[PDB]
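my sequence and its experimental structure, below.
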Amino acid sequence: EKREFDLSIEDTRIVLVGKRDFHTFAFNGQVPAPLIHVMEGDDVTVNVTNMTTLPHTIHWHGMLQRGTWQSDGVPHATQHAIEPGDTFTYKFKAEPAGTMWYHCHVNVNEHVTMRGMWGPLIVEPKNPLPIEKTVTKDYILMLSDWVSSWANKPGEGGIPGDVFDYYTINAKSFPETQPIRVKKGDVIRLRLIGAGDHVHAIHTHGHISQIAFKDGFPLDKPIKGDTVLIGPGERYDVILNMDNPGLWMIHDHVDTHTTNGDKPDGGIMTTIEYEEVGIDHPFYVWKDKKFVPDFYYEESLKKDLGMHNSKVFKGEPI
Amino acid sequence: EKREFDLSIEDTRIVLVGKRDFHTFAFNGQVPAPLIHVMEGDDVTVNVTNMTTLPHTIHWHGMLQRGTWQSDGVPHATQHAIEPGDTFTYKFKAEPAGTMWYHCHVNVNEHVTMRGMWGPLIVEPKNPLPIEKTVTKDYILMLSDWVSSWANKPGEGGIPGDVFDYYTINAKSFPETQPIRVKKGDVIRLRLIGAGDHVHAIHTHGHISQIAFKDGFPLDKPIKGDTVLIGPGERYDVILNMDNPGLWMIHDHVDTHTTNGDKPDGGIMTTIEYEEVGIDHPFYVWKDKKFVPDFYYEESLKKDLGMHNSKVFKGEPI
Amino acid sequence: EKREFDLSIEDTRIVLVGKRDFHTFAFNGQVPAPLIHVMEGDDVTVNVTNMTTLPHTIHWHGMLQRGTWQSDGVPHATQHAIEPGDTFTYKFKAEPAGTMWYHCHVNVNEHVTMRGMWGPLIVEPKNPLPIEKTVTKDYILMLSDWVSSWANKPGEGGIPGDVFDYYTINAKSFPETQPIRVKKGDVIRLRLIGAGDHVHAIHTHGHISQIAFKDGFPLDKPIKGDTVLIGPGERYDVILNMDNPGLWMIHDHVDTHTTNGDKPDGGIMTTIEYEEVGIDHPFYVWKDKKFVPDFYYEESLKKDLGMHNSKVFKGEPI
Ligand SMILES: [Cu+2]
Ligand SMILES: [Cu+2]
Ligand SMILES: [Cu+2]
């Protein structure tokens, strides 16, 4: 099916945690960028208007671009970069299927690492595997690493001597992430995307992690474990059978990724909450938490195929 | 079977190498903590008494905690932290089988990374696989990374700007590690545990590394190679057929992990010594080494199931 | 067959990119060291003459050294280091087959990390697998990370505090690497060698990466993806079917590995060029590039088995 989407690139303020804000060059003014959810084989057109003062592109990471290399989105290799004020059109077939993503390919050490120029590109297989068909809830987790010294210095950063100090899932750090809420008998798919500069070791308590897909491609047999080491650019789809009611941590097991600046108990961390046990526990950090749906695109993935903006991810224009 | 153990948490001084000491919050005053060696399906009870001045927990990494989530050991999620002077009891079934471990889950960027709050939990399968039955000697290697600027500053550390400078197997750096002593025909199992903040690349000379288990679970077929990339929280069991008499290095292949402070020839490094070739070689660093048995818990793993303390790992009370 | 090679170790100046030179201890005055290309089972002799003022060895990484441990090349373990002015002879069988390499084993934090003391050791199998027989072009990419502050301070470096700032394929950074030139129907084998201190995440646009070998050993089935996480010491052979004409980036997806000093658009990066689409494009960085053959040993690997020096990699004597 033919599908046509429009994206703008806007100077945008976001807040990672507390008072830690950041200047971003955000697609449709949100970080992560809009979800693009299409069927394997769809013919996609994207029109990208640059409303910032710096050049950009969009590269579609995981798209083979068969016969369409001039839409690969690499400045000085497949196109002239999109200059401020200009519009560029990308045209490609959505293939192969799987957890893909898209990001700017200009000055990546700054733009992708710390300017939020990334979003998920989910391509549905025409014929999903049996394991895919057991999934009841589908989550996207984009992992990023930020250097706060460059928070309000657009056009700069991503250089030797940088001190990484904030770590996010979908551009929020714990305790401002959202819980993953389930019931016994659910099967969840965690689509982990290595959007950052660091390796992350994603560990889930109380459950068997079934690493079932790498870079969109199904593994011969899922690998069982409890910690998934994921590097920059990689994607892993982890399937978890929700057979064990409780309150359960999901976090980066690299301990320096669980801090917010110099404070512990932050960074890349959330929880799985089963409705069977409830959250009314005197010790529980999130007993009084106001839940925000769609923080992992888990509701938007249930909508009709297309591009989905998010009020959850929208920042403030600069 | 029902098994009941006691642990204290004590302020403890350990020495990594030479004159490099560290302040630790040690389980039973030792680092690594006591070996817990039990059968799959055993009902384990652990009474934990906090004799330090900071709060702690024990998380049982790899234990599914089926129906026992309140024993998962996460402060502000599954319990209130164990306050100084108090005793908390963990109750869980030992499952699944494999190389597991335990560690504090309070302020992990400090407590786990640099206060030695970790030990091995070995759960024997009721029906071991054929490859496991070939094993003649079993070794536990826990890999850690230390920041010496915080050595004597308990309650501080694990923050942006930290400079890692010491690297250990079971809390010692080379040359104060111990040789792995074998004879031709032996089959050894190295249980590698990523207790640290960094990825380690464990390389063994003269032999084929058979990567046979990840996070306790058997891989469909062992992966053959010579270098095992292991990240924080992961465990890998590597089986080696001892068919090649000589003196053989095993070391982290990340070169910055083989230094003691700014001196070369240290960190995560030991040798494999075959009795056939002997150690009487003029060039050999360890020709006159005082051998310490049980440095990899290789002697304790042969004893009756239960908890094993060791004077080898015991520090000095602070 | 019996094969005998000579290597000198010489103080040598190389240039990574632009004006960024480095003092190296180079085998035959080149970095990477000469290609050794032999058949599985060949009996190799290497006479190594030290013409520098520091001690060195050569370790043959991936060589089992069955019965030949005293040729393993580890100082203080299998030999006395080779002193200045001295000659040491290594004798071993070339086994097993695969992408192996060789490097000094003295003060590796300096000598291997930043003194260029490494080269490829390709051992051809007697009976290649069906996937190996589909390969039309064979490339060697040795990945390194450098600390420029020690560039001209031989005998120093590789210590806590170091700031890594240059990243290379075969001792050159983009834009001074060379394009990989193919035609439709080609099948290329990228032999990736983790010669550096860092993990690298090698990402190829427009093609499916088939990760087919680890540490020289064939994987049960190739793993499909687009990004290969490769750690220090590891080797991965990636097979790519060239079925998609275009100009395509290959680069390290850790974004801080794509900078030269504090400048973007450098580091571990090159392109694949299909002859069908040409290079005459106004936006293309390398439209006017002077192509230098054998930058990936792609020509030398086609020559008769033996040792191959390279003018491309030759530095200047110091
Ligand atoms: Cu951009
Ligand atoms: Cu603690
Ligand atoms: Cu050397």
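Good, I have the coordinates. Residues are numbered from 1 along each chain as shown, chains lettered A, B, ... in the order given. Ligands and ions are numbered 1, 2, ... in the order given.

what about the residue of chain A most remote from its centre, helix or strand, and which?
Relative to the C-alpha centroid of chain A, counting by C-alpha atoms, centre = their mean, residue A:282 is the outermost residue, at 32.2 Å. Residue A:282 is part of no helix or strand when elements are defined by DSSP states H and E.

so how far is residue B:88 from the spatially closest residue to it that is not a sequence neighbour?
In this structure, residue A:282 finds its nearest non-sequential neighbour in residue B:80, 7.6 Å apart by C-beta to C-beta, 6 or more residues apart in numbering or on different chains. In short, each C-beta sits where N, CA and C put it, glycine included. Applying C-beta to C-beta, to the nearest Å, the value for residue B:80 to residue B:88 is 9 Å.

who's more crowded, those two?
Using other C-beta atoms under 10 Å in any protein chain shown, the more surrounded residue of residue B:80 and residue B:88 is residue B:88, with 19 against 14.

list the contacts of the closest residue to that one other than its chain neighbours.
Closest residue to residue B:88 apart from its sequence neighbours, by C-beta to C-beta, 6+ apart: residue B:82 at 4.5 Å. Applying C-beta atoms under 8 Å, 6 or more residues apart in numbering or on different chains, we find residue B:82 in contact with B:9, B:48, B:50, B:55-57, B:88.

check those and tell me the two furthest apart.
Spatially, the most separated pair among the contacts of residue B:82 is B:48 and B:55, at 11.7 Å (C-beta to C-beta).

my read is that residue A:214 contacts residue A:235, right?
Yes: using C-beta atoms under 8 Å, residue A:214 is in contact with residue A:235, at 7.1 Å.

looking at the two, which is more packed in?
Using other C-beta under 10 Å as the criterion, residue A:214 and residue A:235 rank with residue A:235 on top: 27 against 22.

now the residue nearest to the more buried one when sequence neighbours are not counted: how far from residue A:192?
When the adjacent residues along the chain are set aside, residue A:235 lies closest to residue A:99, with 4.4 Å between them (C-beta to C-beta, 6+ apart). When distance is defined by C-beta to C-beta, residue A:99 is 8 Å away from residue A:192.

now the common contact residues for the two.
Residues touching both residue A:99 and residue A:192 (C-beta under 8 Å, 6+ apart) are A:235, A:237.

contact partners for residue A:140?
Contacts for residue A:140 (C-beta under 8 Å, 6+ apart) come out as A:32, A:35, A:99, A:120, A:122, A:170, A:191, A:193, A:296-298, A:301.

what is the nearest of the residues you listed to residue C:141?
Closest approach to residue C:141 among the contacts of residue A:140 (C-beta to C-beta): residue A:193, at 25.3 Å.

filter the contacts of residue B:82 by proximity to ligand 1?
The subset of the contacts of residue B:82 within reach of ligand 1, by C-beta under 5 Å from the ion, is empty.

save these as TSV, and put in distance to residue C:203 and secondary structure too.
Formatted as TSV, those follow (distance: C-beta to C-beta, whole Å; DSSP: H, G, I helix; E, B strand; the rest coil):
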residue	distance to residue C:203	secondary structure
B:9	45	strand
B:48	46	strand
B:50	47	strand
B:55	43	coil
B:56	42	strand
B:57	40	coil
B:88	47	strand
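
and these as CSV, adding distance to ligand 2?
Converted to CSV, these look like this (distance: C-beta to the ion, whole Å):
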residue, distance to ligand 2
B:9, 7
B:48, 11
B:50, 9
B:55, 7
B:56, 3
B:57, 7
B:88, 12
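
going through those residues, which ones are buried?
Those of these that meet the buried threshold are B:9, B:48, B:50, B:55-57, B:88, by 16 or more other C-beta atoms under 10 Å in any protein chain shown.

now render the residues you listed as TSV, adding distance to residue B:223.
As requested, those are exported to TSV (distance: C-beta to C-beta, whole Å):
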residue	distance to residue B:223
B:9	38
B:48	37
B:50	41
B:55	41
B:56	36
B:57	34
B:88	40
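
and which of these is nearest residue A:310?
Closest approach between the buried ones among the contacts of residue B:82 and residue A:310, by C-beta to C-beta: residue B:57, at 35.8 Å.

measure stretch A:274-287 end to end?
This stretch, stretch A:274-287, spans 13 Å end to end (C-alpha to C-alpha, to the nearest Å).

can you list contacts of that stretch?
So stretch A:274-287 is contacted by A:175, A:179, A:181-184, A:242, A:244-247, A:271, A:273, A:289, B:69, B:75-80 (C-beta under 8 Å, 6+ apart).

and the closest residue in space to residue A:158 that isn't next to it in sequence, how far is that from residue A:173?
Among residues not flanking residue A:158 along the chain, residue A:109 sits closest, at 3.1 Å (C-beta to C-beta, 6+ apart). Distance of residue A:109 to residue A:173, given as C-beta to C-beta: 21 Å.

next, count neighbours for residue A:221.
Neighbour count of residue A:221, defined by other C-beta under 10 Å: 12.

wait, is it part of a strand?
Yes: using DSSP: H, G, I helix; E, B strand; the rest coil, the secondary structure at residue A:221 is a strand.

shouldn't it be in contact with residue B:220?
Yes: counting by C-beta under 8 Å, residue B:220 is a contact partner of residue A:221 at 5.6 Å.

who's in contact with residue A:183?
Each residue near residue A:183 by C-beta under 8 Å, 6+ apart is listed here: A:242, A:274-276.

weed out the non-buried ones from these.
A:242, A:274.

strands along the stretch 1-150 of chain A, start to end?
Secondary structure of the stretch 1-150 of chain A (DSSP state E, counting those that start in this stretch): strands located at A:2-17, A:20-27, A:35-39, A:43-50, A:59-61, A:87-93, A:98-103, A:118-124, A:137-146.

between those strands, which gets nearest to residue A:307?
Set against residue A:307 and scored by C-beta to C-beta, the strands of the stretch 1-150 of chain A come closest in strand A:2-17, at 4.3 Å.
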